[PDB]
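Here's the structure we're looking at; comments come further down.
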Amino acid sequence: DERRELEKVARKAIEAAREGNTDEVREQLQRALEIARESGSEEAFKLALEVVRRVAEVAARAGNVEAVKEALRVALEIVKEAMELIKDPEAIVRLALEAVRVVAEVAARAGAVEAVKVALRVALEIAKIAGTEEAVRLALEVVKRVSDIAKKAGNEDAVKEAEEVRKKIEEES
Amino acid sequence: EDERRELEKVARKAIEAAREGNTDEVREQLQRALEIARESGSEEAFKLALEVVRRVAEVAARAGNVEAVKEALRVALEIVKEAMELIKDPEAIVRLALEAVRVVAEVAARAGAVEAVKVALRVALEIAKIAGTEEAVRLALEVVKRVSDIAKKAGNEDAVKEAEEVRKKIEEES
């Protein structure tokens with residue numbers, strides 16, 4: 001039922017991401033967050049994270065930093081709601097950090113410093129909200145992946161950015 | 001030849017400065033690549049120089065150095081200007097340069113470097129202006145259209161509006 005509503009949102013969200021329609025991407029992800037927030041079930045959040053993951057992936061490979069920010073903002077909102085309502089939110093936290101990882105690697109290889117900063121920032125805030133050893137572990141690996149890709153490509157700014165985020169995740173723990 | 005190895009030694013210095021962000025050493029090396037091609041006078045030296053330019057611009061873009069990307073784009077224009085004066089059939093040089101400006105603009109747009117995308121569009125226009133052939137105009141419009149569709153997917157209204165103005169001037173200055 002609400003699975004059908006999200007699947008209709010997924011079609012419109014992905015299509016706007018392929019063409020670069022940042023306004024439609026923003027409103028579809030907003031609708032997807034509302035469907036999961038009204039349902040309140042764990043499956044509704046995971047289905048909404050799947051739409052977020054695919055949109056953020058296309059937006060990152062297209063270089064649309066705005067659509068990346070909106071996707072990762074909704075992904076963070078889903079983690080926030082899951083940490084208050086879902087009994088075992090560790091699966092939702094895994095899905096969100098995986099979506100952040102793909103954005104981070106795509107931006108790091110292309111050299112999109114701004115998209116790297118956002119992905120590293122979101123990984124930092126997801127680890128702070130969850131506060132679990134698994135969330136910190138996955139967040140640091142996202143930072144480690146960006147650092148390795150950036151050092152190989154000689155992107156000093158992305159290396160320095162991953163430097164600061166790694167320390168801030170450590171101090172949060 | 002020996003010039004193929006002299007250009008490769010210049011590309012090594014130009015790539016290192018592109019990784020480091022030393023935009024002044026990138027420009028100096030690319031000028032030496034232009035001078036090595038100028039003293040040769042053969043179209044194969046100009047083609048190898050364009051490949052040095054293309055390879056340097058991509059490394060600089062992935063390294064997060066937009067100024068080294070823009071200086072590399074400007075050298076590709078000077079290579080066309082030098083090839084127009086010497087080579088009998090510079091159509092192969094112009095085609096390789098316009099496709100090099102295209103691939104660099106695509107990497108620049110996917111990296112969020114809006115200004116490097118603007119410079120690439122301005123270089124495509126000047127290449128069509130200098131080449132003066134109807135083939136080069138068609139190929140320059142194809143580069144601007146490709147960059148426009150890439151910028152549209154990147155959600156960059158600035159580059160789309162800039163490609164719209166460039167595409168108009170290329171049609172007029174023909």
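Convention: chains lettered A, B, ... in structure tokens order; per-chain residue numbering from 1; ligands numbered from 1 as shown.
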
Could you pull the residues within 6 Å of region 101-103 of chain A, counting only C-alpha atoms, minus those fewer than 6 positions along the same chain, as number ranges by chain? A: 57, 60, 142

Restrict the selected residues to C-alpha atoms and save them as an mmCIF file, in the first residue's frame.
```
data_model
loop_
_atom_site.group_PDB
_atom_site.id
_atom_site.type_symbol
_atom_site.label_atom_id
_atom_site.label_comp_id
_atom_site.auth_asym_id
_atom_site.auth_seq_id
_atom_site.Cartn_x
_atom_site.Cartn_y
_atom_site.Cartn_z
ATOM 1 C CA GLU A 57 23.921 7.869 -6.542
ATOM 2 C CA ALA A 60 26.599 12.244 -7.450
ATOM 3 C CA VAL A 142 33.780 6.052 4.549
#
```

With the cut-off set at 6 Å and counting only C-alpha atoms, tabulate each residue of chain B with an atom at most that distance from an atom of chain A, showing the nearest atom pair and its distance in Å to one decimal, ordered by chain and increasing number, as CSV.
```
residue,atom,partner,partner_atom,distance
B:19,CA,A:154,CA,5.1
B:62,CA,A:111,CA,4.2
B:63,CA,A:155,CA,4.0
B:64,CA,A:111,CA,5.5
B:110,CA,A:63,CA,4.1
B:111,CA,A:112,CA,4.0
B:112,CA,A:112,CA,5.6
B:152,CA,A:20,CA,5.6
B:153,CA,A:20,CA,3.9
B:154,CA,A:64,CA,4.1
B:155,CA,A:20,CA,4.9
```

Just want the 12 Å neighbourhood of residue 52 (chain A), counted on only C-alpha atoms, with same-chain residues fewer than 2 positions away dropped. Output as a short mmCIF file (atom, residue, chain, number, x, y, z; two decimals) with N, CA, C and O atoms, in the first residue's frame.
```
data_model
loop_
_atom_site.label_atom_id
_atom_site.label_comp_id
_atom_site.auth_asym_id
_atom_site.auth_seq_id
_atom_site.Cartn_x
_atom_site.Cartn_y
_atom_site.Cartn_z
N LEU A 6 5.50 4.67 -2.32
CA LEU A 6 6.93 4.95 -2.40
C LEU A 6 7.50 4.55 -3.76
O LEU A 6 8.39 5.23 -4.29
N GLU A 7 6.99 3.46 -4.35
CA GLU A 7 7.48 3.05 -5.66
C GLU A 7 7.08 4.04 -6.74
O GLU A 7 7.82 4.23 -7.71
N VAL A 9 6.83 7.22 -6.04
CA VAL A 9 7.76 8.31 -5.75
C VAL A 9 9.14 8.00 -6.30
O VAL A 9 9.84 8.88 -6.82
N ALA A 10 9.56 6.73 -6.20
CA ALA A 10 10.88 6.34 -6.70
C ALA A 10 11.00 6.58 -8.19
O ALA A 10 12.05 7.03 -8.67
N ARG A 11 9.94 6.29 -8.95
CA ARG A 11 9.98 6.51 -10.40
C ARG A 11 10.16 7.99 -10.73
O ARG A 11 10.97 8.35 -11.58
N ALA A 13 11.26 10.40 -8.67
CA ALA A 13 12.49 10.95 -8.09
C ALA A 13 13.69 10.61 -8.96
O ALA A 13 14.52 11.48 -9.25
N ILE A 14 13.80 9.35 -9.39
CA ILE A 14 14.94 8.94 -10.20
C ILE A 14 14.93 9.65 -11.55
O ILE A 14 15.98 10.08 -12.05
N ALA A 17 16.24 13.02 -11.23
CA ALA A 17 17.67 13.00 -10.96
C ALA A 17 18.48 12.76 -12.23
O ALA A 17 19.55 13.34 -12.42
N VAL A 25 13.35 16.56 -7.62
CA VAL A 25 14.05 15.63 -6.73
C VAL A 25 13.78 15.99 -5.28
O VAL A 25 13.56 15.11 -4.43
N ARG A 26 13.76 17.29 -4.97
CA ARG A 26 13.56 17.73 -3.60
C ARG A 26 12.16 17.37 -3.10
O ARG A 26 12.00 16.93 -1.95
N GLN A 28 9.97 15.04 -4.35
CA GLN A 28 9.72 13.61 -4.29
C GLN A 28 10.33 13.00 -3.04
O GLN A 28 9.67 12.22 -2.33
N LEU A 29 11.58 13.34 -2.74
CA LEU A 29 12.20 12.87 -1.50
C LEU A 29 11.47 13.39 -0.28
O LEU A 29 11.40 12.69 0.74
N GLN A 30 10.91 14.60 -0.36
CA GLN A 30 10.09 15.11 0.73
C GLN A 30 8.82 14.27 0.90
O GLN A 30 8.42 13.95 2.02
N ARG A 31 8.19 13.91 -0.22
CA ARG A 31 7.01 13.05 -0.17
C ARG A 31 7.37 11.67 0.37
O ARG A 31 6.61 11.09 1.16
N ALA A 32 8.52 11.13 -0.04
CA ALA A 32 8.93 9.81 0.43
C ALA A 32 9.18 9.82 1.94
O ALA A 32 8.86 8.85 2.63
N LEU A 33 9.75 10.91 2.45
CA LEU A 33 9.96 11.03 3.89
C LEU A 33 8.63 11.10 4.63
O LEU A 33 8.50 10.56 5.74
N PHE A 45 10.70 2.85 6.36
CA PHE A 45 11.92 3.65 6.38
C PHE A 45 12.97 3.07 5.44
O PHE A 45 13.65 3.82 4.73
N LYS A 46 13.12 1.75 5.43
CA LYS A 46 14.11 1.12 4.57
C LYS A 46 13.77 1.31 3.09
O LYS A 46 14.66 1.48 2.26
N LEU A 47 12.48 1.28 2.76
CA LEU A 47 12.07 1.54 1.38
C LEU A 47 12.32 2.99 0.99
O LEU A 47 12.68 3.29 -0.15
N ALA A 48 12.13 3.92 1.94
CA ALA A 48 12.43 5.32 1.67
C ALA A 48 13.93 5.55 1.55
O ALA A 48 14.36 6.41 0.78
N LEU A 49 14.74 4.79 2.30
CA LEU A 49 16.18 4.90 2.16
C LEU A 49 16.67 4.36 0.83
O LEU A 49 17.66 4.85 0.29
N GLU A 50 15.98 3.35 0.28
CA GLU A 50 16.35 2.83 -1.03
C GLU A 50 16.16 3.89 -2.11
O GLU A 50 17.00 4.03 -3.01
N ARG A 54 19.35 5.55 -4.35
CA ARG A 54 19.43 5.58 -5.81
C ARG A 54 19.48 7.01 -6.34
O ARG A 54 20.21 7.29 -7.30
N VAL A 55 18.72 7.92 -5.73
CA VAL A 55 18.75 9.31 -6.16
C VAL A 55 20.12 9.92 -5.90
O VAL A 55 20.71 10.57 -6.78
N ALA A 56 20.64 9.73 -4.69
CA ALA A 56 21.95 10.28 -4.35
C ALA A 56 23.05 9.72 -5.24
O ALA A 56 24.02 10.43 -5.55
N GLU A 57 22.91 8.47 -5.67
CA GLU A 57 23.92 7.87 -6.54
C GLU A 57 23.92 8.52 -7.92
O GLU A 57 24.98 8.88 -8.45
N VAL A 58 22.73 8.70 -8.51
CA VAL A 58 22.64 9.34 -9.82
C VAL A 58 23.07 10.79 -9.73
O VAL A 58 23.79 11.30 -10.60
N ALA A 59 22.65 11.49 -8.68
CA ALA A 59 23.01 12.90 -8.53
C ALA A 59 24.51 13.07 -8.36
O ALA A 59 25.10 14.03 -8.88
N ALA A 60 25.16 12.15 -7.65
CA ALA A 60 26.60 12.24 -7.45
C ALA A 60 27.35 11.99 -8.75
O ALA A 60 28.32 12.70 -9.06
N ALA A 67 21.22 18.18 -5.42
CA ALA A 67 20.43 16.96 -5.27
C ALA A 67 21.11 15.97 -4.33
O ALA A 67 20.43 15.16 -3.69
N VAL A 68 22.44 16.01 -4.25
CA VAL A 68 23.16 15.19 -3.28
C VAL A 68 22.84 15.65 -1.86
O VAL A 68 22.56 14.84 -0.97
N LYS A 69 22.86 16.97 -1.64
CA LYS A 69 22.58 17.50 -0.31
C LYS A 69 21.15 17.17 0.13
O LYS A 69 20.92 16.81 1.29
N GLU A 70 20.19 17.29 -0.79
CA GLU A 70 18.80 17.00 -0.43
C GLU A 70 18.60 15.52 -0.15
O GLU A 70 17.84 15.16 0.76
N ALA A 71 19.25 14.65 -0.92
CA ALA A 71 19.13 13.22 -0.68
C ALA A 71 19.73 12.84 0.68
O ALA A 71 19.10 12.12 1.47
N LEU A 72 20.93 13.33 0.97
CA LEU A 72 21.58 13.00 2.23
C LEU A 72 20.89 13.68 3.41
O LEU A 72 20.97 13.18 4.54
N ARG A 73 20.20 14.80 3.18
CA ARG A 73 19.41 15.40 4.25
C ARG A 73 18.23 14.52 4.63
O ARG A 73 17.93 14.34 5.82
N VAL A 74 17.55 13.95 3.64
CA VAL A 74 16.44 13.04 3.92
C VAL A 74 16.95 11.76 4.57
O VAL A 74 16.32 11.23 5.49
N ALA A 75 18.09 11.25 4.10
CA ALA A 75 18.67 10.06 4.71
C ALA A 75 18.97 10.29 6.18
O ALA A 75 18.76 9.39 7.01
N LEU A 76 19.46 11.48 6.53
CA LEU A 76 19.70 11.80 7.93
C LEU A 76 18.39 11.88 8.71
O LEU A 76 18.32 11.42 9.85
N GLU A 77 17.36 12.47 8.10
CA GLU A 77 16.06 12.55 8.75
C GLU A 77 15.48 11.17 9.03
O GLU A 77 14.81 10.97 10.05
N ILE A 78 15.74 10.20 8.15
CA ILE A 78 15.22 8.85 8.36
C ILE A 78 15.97 8.18 9.50
O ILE A 78 15.38 7.42 10.28
N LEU A 95 22.00 0.95 6.05
CA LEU A 95 21.57 1.40 4.73
C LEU A 95 21.96 2.85 4.48
O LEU A 95 22.39 3.19 3.37
N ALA A 96 21.80 3.71 5.48
CA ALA A 96 22.10 5.12 5.29
C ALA A 96 23.59 5.35 5.07
O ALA A 96 23.98 6.13 4.20
N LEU A 97 24.44 4.68 5.86
CA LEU A 97 25.88 4.85 5.70
C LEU A 97 26.38 4.25 4.39
O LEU A 97 27.38 4.71 3.84
N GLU A 98 25.70 3.22 3.88
CA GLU A 98 26.04 2.69 2.57
C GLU A 98 25.72 3.71 1.47
O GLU A 98 26.51 3.88 0.53
N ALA A 99 24.57 4.38 1.58
CA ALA A 99 24.23 5.41 0.61
C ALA A 99 25.22 6.57 0.68
O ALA A 99 25.55 7.18 -0.35
N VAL A 100 25.70 6.90 1.88
CA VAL A 100 26.70 7.95 2.03
C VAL A 100 28.03 7.50 1.44
O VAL A 100 28.77 8.31 0.86
N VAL A 102 28.63 5.52 -1.19
CA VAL A 102 28.65 5.59 -2.64
C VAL A 102 28.78 7.04 -3.11
O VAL A 102 29.51 7.33 -4.07
N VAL A 103 28.08 7.96 -2.45
CA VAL A 103 28.22 9.38 -2.77
C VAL A 103 29.66 9.83 -2.53
O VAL A 103 30.24 10.56 -3.33
#
```

Near-residue 91 (chain B) list (12 Å; only C-alpha atoms; drop same-chain fewer than 2 positions) as a PDB file with C-alpha atoms, in the first residue's frame:
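Produced file out_17.pdb, reproduced below:
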```
ATOM      1  CA  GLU B  43      50.952  17.908 -37.084  1.00  0.00           C
ATOM      2  CA  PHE B  46      50.708  19.227 -32.207  1.00  0.00           C
ATOM      3  CA  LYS B  47      48.587  16.119 -31.598  1.00  0.00           C
ATOM      4  CA  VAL B  80      45.087  25.448 -32.625  1.00  0.00           C
ATOM      5  CA  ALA B  83      48.506  24.738 -36.013  1.00  0.00           C
ATOM      6  CA  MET B  84      46.406  27.016 -38.230  1.00  0.00           C
ATOM      7  CA  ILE B  87      49.893  22.716 -40.883  1.00  0.00           C
ATOM      8  CA  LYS B  88      48.402  22.400 -44.365  1.00  0.00           C
ATOM      9  CA  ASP B  89      45.438  20.260 -43.230  1.00  0.00           C
ATOM     10  CA  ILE B  93      44.202  19.063 -35.127  1.00  0.00           C
ATOM     11  CA  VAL B  94      40.963  21.013 -34.660  1.00  0.00           C
ATOM     12  CA  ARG B  95      38.888  17.844 -34.259  1.00  0.00           C
ATOM     13  CA  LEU B  96      41.243  16.468 -31.600  1.00  0.00           C
ATOM     14  CA  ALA B  97      41.297  19.792 -29.742  1.00  0.00           C
ATOM     15  CA  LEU B  98      37.511  20.219 -29.727  1.00  0.00           C
ATOM     16  CA  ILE B 127      38.582  27.370 -31.842  1.00  0.00           C
ATOM     17  CA  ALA B 128      35.663  27.645 -34.269  1.00  0.00           C
ATOM     18  CA  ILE B 130      40.179  30.621 -35.588  1.00  0.00           C
ATOM     19  CA  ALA B 131      39.593  27.500 -37.695  1.00  0.00           C
ATOM     20  CA  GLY B 132      37.091  29.362 -39.879  1.00  0.00           C
ATOM     21  CA  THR B 133      35.783  26.153 -41.468  1.00  0.00           C
ATOM     22  CA  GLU B 134      32.152  25.061 -41.514  1.00  0.00           C
ATOM     23  CA  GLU B 135      33.192  21.659 -40.156  1.00  0.00           C
ATOM     24  CA  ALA B 136      34.804  23.240 -37.083  1.00  0.00           C
ATOM     25  CA  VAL B 137      31.673  25.304 -36.410  1.00  0.00           C
ATOM     26  CA  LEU B 139      31.910  20.334 -34.166  1.00  0.00           C
TER      27      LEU B 139
END
```

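Relative to CA of residue 4 (chain B), CA of residue 76 (chain B) is found at 17.6 Å.
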
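Residue nearest residue 107 (chain B), chosen from B:73, B:67, B:148, B:61 and counting only C-alpha atoms: B:61.
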
For residue 82 (chain B), list every protein, DNA or RNA residue within 10 Å, evaluated using only C-alpha atoms, and leave out those in the same chain fewer than 3 positions away; present the list as a list in words.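 Result of the neighbour search: residues 34, 35, 37, 38, 41, 46, 76, 77, 78, 79, 85, 86, 87 and 90 of chain B.
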
Kindly save the residues from that selection, with C-alpha atoms included, as a PDB file, in the first residue's frame.
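File selection-v2.pdb, as written:
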```pdb
ATOM      1  CA  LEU B  34      53.758  24.408 -27.277  1.00  0.00           C
ATOM      2  CA  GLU B  35      57.304  25.552 -28.070  1.00  0.00           C
ATOM      3  CA  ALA B  37      55.585  21.588 -31.158  1.00  0.00           C
ATOM      4  CA  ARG B  38      56.260  25.015 -32.691  1.00  0.00           C
ATOM      5  CA  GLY B  41      56.123  22.082 -37.529  1.00  0.00           C
ATOM      6  CA  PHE B  46      50.708  19.227 -32.207  1.00  0.00           C
ATOM      7  CA  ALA B  76      44.735  23.974 -26.292  1.00  0.00           C
ATOM      8  CA  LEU B  77      43.469  27.143 -27.984  1.00  0.00           C
ATOM      9  CA  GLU B  78      47.011  28.417 -28.581  1.00  0.00           C
ATOM     10  CA  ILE B  79      47.926  25.052 -30.112  1.00  0.00           C
ATOM     11  CA  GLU B  85      49.548  28.948 -39.186  1.00  0.00           C
ATOM     12  CA  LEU B  86      51.747  25.944 -40.052  1.00  0.00           C
ATOM     13  CA  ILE B  87      49.893  22.716 -40.883  1.00  0.00           C
ATOM     14  CA  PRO B  90      44.755  21.283 -39.606  1.00  0.00           C
TER      15      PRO B  90
END
```

Mind checking which residues fall within 12 Å of residue 1 (chain B), counting only C-alpha atoms, ignoring those fewer than 5 positions away in the same chain, and posting them as a list in words?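 Near neighbours after the sequence-gap exclusion: residues 6, 7, 8, 40, 42, 44, 45 and 48 of chain B.
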
Which residue gives the smallest distance to residue 99 (chain B) among B:10, B:160, B:140, B:53, with only C-alpha atoms counted? B:140

Quick one: residues within 9 Å of residue 126 (chain A), only C-alpha atoms, excluding same-chain residues fewer than 5 positions away - as a PDB file with N, CA and C atoms, in the first residue's frame?
```pdb
ATOM      1  N   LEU A  76      19.458  11.479   6.529  1.00  0.00           N
ATOM      2  CA  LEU A  76      19.702  11.799   7.930  1.00  0.00           C
ATOM      3  C   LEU A  76      18.395  11.885   8.708  1.00  0.00           C
ATOM      4  N   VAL A  79      17.269   8.438   9.625  1.00  0.00           N
ATOM      5  CA  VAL A  79      18.033   7.896  10.746  1.00  0.00           C
ATOM      6  C   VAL A  79      17.551   8.499  12.059  1.00  0.00           C
ATOM      7  N   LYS A  80      17.281   9.807  12.065  1.00  0.00           N
ATOM      8  CA  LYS A  80      16.792  10.467  13.271  1.00  0.00           C
ATOM      9  C   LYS A  80      15.477   9.856  13.740  1.00  0.00           C
ATOM     10  N   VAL A  93      20.523   2.128   9.931  1.00  0.00           N
ATOM     11  CA  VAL A  93      21.783   2.861  10.005  1.00  0.00           C
ATOM     12  C   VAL A  93      22.785   2.312   8.994  1.00  0.00           C
ATOM     13  N   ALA A  96      21.803   3.709   5.483  1.00  0.00           N
ATOM     14  CA  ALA A  96      22.102   5.124   5.289  1.00  0.00           C
ATOM     15  C   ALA A  96      23.592   5.352   5.072  1.00  0.00           C
ATOM     16  N   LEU A  97      24.439   4.682   5.856  1.00  0.00           N
ATOM     17  CA  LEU A  97      25.878   4.855   5.697  1.00  0.00           C
ATOM     18  C   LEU A  97      26.378   4.248   4.392  1.00  0.00           C
ATOM     19  N   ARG A 121      30.349  15.035   6.075  1.00  0.00           N
ATOM     20  CA  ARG A 121      29.575  15.657   7.143  1.00  0.00           C
ATOM     21  C   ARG A 121      28.404  14.777   7.559  1.00  0.00           C
ATOM     22  N   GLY A 131      25.508   6.567  17.578  1.00  0.00           N
ATOM     23  CA  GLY A 131      26.351   6.346  18.736  1.00  0.00           C
ATOM     24  C   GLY A 131      26.713   4.903  18.998  1.00  0.00           C
ATOM     25  N   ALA A 135      28.096   1.959  13.750  1.00  0.00           N
ATOM     26  CA  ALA A 135      27.941   3.212  13.017  1.00  0.00           C
ATOM     27  C   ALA A 135      29.257   3.976  12.941  1.00  0.00           C
ATOM     28  N   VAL A 136      30.012   4.011  14.041  1.00  0.00           N
ATOM     29  CA  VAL A 136      31.317   4.667  14.027  1.00  0.00           C
ATOM     30  C   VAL A 136      32.275   3.922  13.106  1.00  0.00           C
ATOM     31  N   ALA A 139      31.330   4.725   9.512  1.00  0.00           N
ATOM     32  CA  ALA A 139      31.606   6.125   9.203  1.00  0.00           C
ATOM     33  C   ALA A 139      33.093   6.357   8.973  1.00  0.00           C
TER      34      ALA A 139
END
```

Using only C-alpha atoms, which of A:169, A:159, A:35, A:82 sits nearest residue 140 (chain A)?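 Answer, going by the shortest atom-to-atom distance: A:169.
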
To one decimal place in Å, what is the distance between CA of residue 56 (chain B) and CA of residue 21 (chain B)?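 Taking CA of residue 56 (chain B) as the start and CA of residue 21 (chain B) as the end point, the length is 11.3 Å.
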
Which one of A:146, A:172, A:3, A:166 sits closest to residue 133 (chain A) if you count only C-alpha atoms?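 Answer, going by the shortest atom-to-atom distance: A:172.
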